[PDB]
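Worksheet: the structure to be examined is printed underneath.
Please treat every number below as a calculation from the coordinates, not as lab data. Every residue, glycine as well, gets a Cβ built from its backbone with ideal geometry; the counts of neighbours run over all protein chains shown.
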Amino acid sequence: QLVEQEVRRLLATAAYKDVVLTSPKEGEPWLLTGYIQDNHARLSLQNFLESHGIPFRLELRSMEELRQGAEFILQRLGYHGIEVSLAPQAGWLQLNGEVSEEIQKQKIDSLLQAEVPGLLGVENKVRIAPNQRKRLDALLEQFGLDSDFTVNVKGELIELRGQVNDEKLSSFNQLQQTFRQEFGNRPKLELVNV
């Protein structure tokens, strides 16, 4: 009837495009479920329902609250290079940025779903970050230096330890030039005579 028609006209607007109304029977509250873009939109719908003398229950989630939740979870789990935005589907988020190969294996999309209530899915567009260790070892092997130098990693400081002679010093200098051209100033390679 009329009031239901008025409510459904509001639900046909873009702010309420992810809200569902299940009509009650006699004497039960009207049930509205789904998603809204932010809490402000929820409050406006509440206002509208109350002005029609409608008894109701809202079971709605804010996409901005899902997005902020996901940001908090990524932060507390030590992920720093990831930006969270909305995906095209209701209840879905999107990730951009970069992570290491090892960390990608943690299946962060499903992990975010476990940690963020009402998250229906994640479109994960992050790329794989530079793997400096892997490239260093590839270069050492490519140049026949992998038995001359031993790699010791402490944070972003990588020591190449060996019994340094003139050959090894000049080979190190070439390796370091090549490494720097690709990675800039992180991590740093130090030559260490032992």
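Considering Cα pairs under 8 angstrom that are at least six residues apart, work out the relative contact order of the chain and quote it in whole percent. Don't jump to the answer; show the numbers that get you there.
Numbers: 252 pairs, mean separation 23.4, N = 194.
Dividing the mean separation by the residue count of the chain yields 12 percent.
Where the centre of each part is set by its Cα atoms, how far does region 71-124 sit from region 21-65, in angstrom?
Taking the Cα centre of each part, region 71-124 and region 21-65 sit 28 Å apart.
How big is Rg to Rh over region 63-130, alpha-carbon atoms, Rh as the Kirkwood inverse-mean-distance radius?
Working: Rg = 10.9 Å, Rh = 11.8 Å.
Here the Rg-to-Rh quotient is 0.93.
Over the chain, consider all pairs of different Cα atoms and compute the Kirkwood hydrodynamic radius from their mean reciprocal separation; express it in Å, one decimal. Spell out each step's value before the answer.
Working: mean 1/r = 0.0471 Å⁻¹.
Taking the inverse mean of 1/r over all distinct Cα pairs, the chain comes out at 21.2 Å.
What is the set of long-range amide H partners of residue 123 at a cut-off below 5 Å, with H atoms built 1.01 Å from backbone N?
93, 94, 95
Considering only Cα-Cα distances, which of the following residue pairs are longer than 20 Å: 168/188; 134/188; 105/125; 107/134; 154/188? Let's see the in-between values first.
Details: 168/188 18 Å; 134/188 14 Å; 105/125 14 Å; 107/134 22 Å; 154/188 10 Å.
Cα-Cα > 20 Å for 107/134; rest within.
Does anything in region 43-75 have its amide N under 20 Å from the 7 Å Cα→Cβ label point of residue 127, and if so which residues?
Residues passing the 20 Å test: none.
Using amide H atoms built in the peptide plane, which far-off residues or other-chain residues are under 5 Å from residue 30 H to H?
For residue 30, whose amide H was placed from the backbone, the distant partners under 5 Å are 56, 57.
Take the Cα atoms of region 1-62, build their convex hull, and give its volume per residue in Å³. List each step's numbers first, then the result.
Values: hull volume 4.3 nm³, N = 62.
Measuring per residue, one finds 70 Å³ for the Cα hull of region 1-62.
List every residue whose amide H lies under 5 Å from the amide H of residue 19, counting only residues 5 or more places away in sequence or on a different chain, with H placed 1.01 Å from N in the peptide plane.
35
I need the phi-derived Karplus couplings for region 153-159: 6.51 cos²θ - 1.76 cosθ + 1.60, θ = phi - 60°, integer Hz, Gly and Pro marked x.
After applying 6.51 cos²θ - 1.76 cosθ + 1.60, I find 9, 9, x, 9, 9, 10, 8 Hz.
Give a residue-ordered list of calculated ³J(HN,Hα) values for region 129-143 (Karplus: 6.51 cos²θ - 1.76 cosθ + 1.60, θ = phi - 60°; whole Hz; x for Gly, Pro).
For region 129-143, the Karplus curve yields 5, x, 9, 5, 4, 4, 5, 4, 5, 4, 5, 4, 5, 4, 9 Hz.
Considering only 15, 32, 45, whose Cα is most displaced toward the positive end of the charge dipole of region 1-62, charges sitting on Cβ of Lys, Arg (+1) and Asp, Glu (-1)?
Positive-most Cα among the choices belongs to 15.
Once phi is turned into θ = phi - 60°, what whole-Hz ³J(HN,Hα) does the Karplus curve with 6.51, -1.76 and 1.60 give for every residue of region 35-41, x standing for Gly and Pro?
9, 10, 6, 7, 4, 4, 5
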